[PDB]
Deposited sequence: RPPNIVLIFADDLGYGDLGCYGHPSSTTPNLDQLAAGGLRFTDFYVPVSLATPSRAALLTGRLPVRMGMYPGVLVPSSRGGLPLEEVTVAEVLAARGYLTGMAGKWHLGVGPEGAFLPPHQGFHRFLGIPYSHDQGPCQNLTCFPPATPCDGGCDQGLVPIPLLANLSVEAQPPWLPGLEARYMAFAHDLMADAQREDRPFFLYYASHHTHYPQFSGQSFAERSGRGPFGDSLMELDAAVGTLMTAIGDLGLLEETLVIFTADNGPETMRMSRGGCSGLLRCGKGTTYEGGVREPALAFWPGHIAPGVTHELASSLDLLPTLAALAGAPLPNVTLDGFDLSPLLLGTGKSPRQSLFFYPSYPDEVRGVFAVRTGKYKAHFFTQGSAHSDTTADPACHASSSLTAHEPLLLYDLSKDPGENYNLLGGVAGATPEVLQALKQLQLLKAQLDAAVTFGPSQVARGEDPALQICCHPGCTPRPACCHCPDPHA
């Protein structure tokens, strides 16, 4: 039968944050053990280094511009959302009869009467926050018990963060030192109900770690030895340990595929309360490797042998791989990913040779910003971001503005993953890579027409979720902790 699937997606976590990706001070013992008994990717990517667009791509296997998920990210007042018409992974697995569930951050739209909420896009069960946890004021929230407050305040002028159960406000705001526990219990129940009914489950655990502001429950506060960002990552790692114990307990180890990855690179503007891209350059919000190249682990005892692949892979390849693996059929839409099951099961290579990267603010005159083929990556356009400010590398700062490069900038990632030495600063291998990259951009730009933007549909304060509907004064009357 099709396997049970657990998909864990961390938030704003970098390529060099796990212990097993080199960090000297992180504490992530469950993830290290999951890498030690599974496949660790060195070259897995996401196509855009922001939250919404990354989350859309993972769930539909489709580049975000195809469906209007740009520019920037959605906010609480947002009129727009991932069209209902797109077929998510949960829609696909639901129809093969999976009990589907999601815990955590959705950030894929809310809408008039919550029409874009997960329960409309194929999850049977949903306990979570519908957008990032810092999108609503937090100067009064506790981030670390007993009463260490969240740092800095978060977004102002908005309803507190709502924890939701399907479409109902279960709390507003929730108590952050307790979210993990709520989420483990929801996960545990979903698994056990699925055993109960003889059916495979699909759990989508989209953690809030390690997005700003950092938080954790008391068993982690001040125990990772890397400060708040670590306490928070140690908690995500202990949630993973929990899912894994529960998989043990129900005797489901060899029947569950478990993937871990993250939506985008670190927010280095948070300084030492943000993540680390390791040897890679820059972070969140850019098309440099540090923003789009993420950690990725695939673990399935008895099906995937412990190792390290350098094959190309993308979050875009998850719907199709999982569809394949569960004998479910693919939507009748154009897809930008591929089935990676041969690579997972060790009977093949990855079919993916290229990757296309779009910036946070794309546009049809400029098209794709960077393309990777084999070991080479070309950048046609370059640009820093305020999510990546504060590091010593000036190309990452928001003062590095949009600059065009013709001839393109060319890096061989196998020797210069750090993207330091432009090879066009000659050889025949180089001229052949340049001609291929130039043609893959012109091909893609000529063939993709952007979907009309969801984010420019604007904002309506009246779409903000409220615990005490119709109350007054808005937004402070919404609440019910």
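In this entry, the deposited residues absent from the coordinate set span 426-429, 486-489.
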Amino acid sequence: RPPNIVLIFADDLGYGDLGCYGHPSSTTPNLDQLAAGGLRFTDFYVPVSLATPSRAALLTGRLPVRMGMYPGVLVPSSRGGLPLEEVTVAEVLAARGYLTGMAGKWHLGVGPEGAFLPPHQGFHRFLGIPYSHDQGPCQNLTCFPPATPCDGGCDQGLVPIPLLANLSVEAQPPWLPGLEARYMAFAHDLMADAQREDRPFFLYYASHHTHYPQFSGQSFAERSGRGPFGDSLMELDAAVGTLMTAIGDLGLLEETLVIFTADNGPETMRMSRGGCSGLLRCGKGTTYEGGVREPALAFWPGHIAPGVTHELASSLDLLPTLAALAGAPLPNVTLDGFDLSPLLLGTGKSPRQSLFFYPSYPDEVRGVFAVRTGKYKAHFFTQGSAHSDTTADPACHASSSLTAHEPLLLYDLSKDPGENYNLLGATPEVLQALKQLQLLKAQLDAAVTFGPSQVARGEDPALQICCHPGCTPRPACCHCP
From here on, numbers count along this sequence of modelled residues.
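Mean CA temperature factor is higher for 235-243 when stretches 361-369 and 235-243 are set side by side in the entry.
For the pair 395-403 and 219-227, the mean Cα B-factor is higher in 219-227. Within the group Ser277, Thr287, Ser350, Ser77, the record's highest C-alpha temperature factor is found at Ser350. Per the deposited coordinates, the residue with the largest Cα temperature factor out of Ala187, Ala206, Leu312, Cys282 is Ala187.
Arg125 sits in the highest third of its chain by CA B factor, as recorded in the PDB entry.
In the PDB entry, a CA B factor belonging to the middle third of its chain's modelled residues is recorded for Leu39. The deposited CA B-factor of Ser25 belongs to the lowest third of values across its chain. Sort the modelled residues of the chain by CA B factor and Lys105 lands in the middle third.
The PDB entry assigns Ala194 a C-alpha temperature factor belonging to the highest third of its chain's modelled residues.
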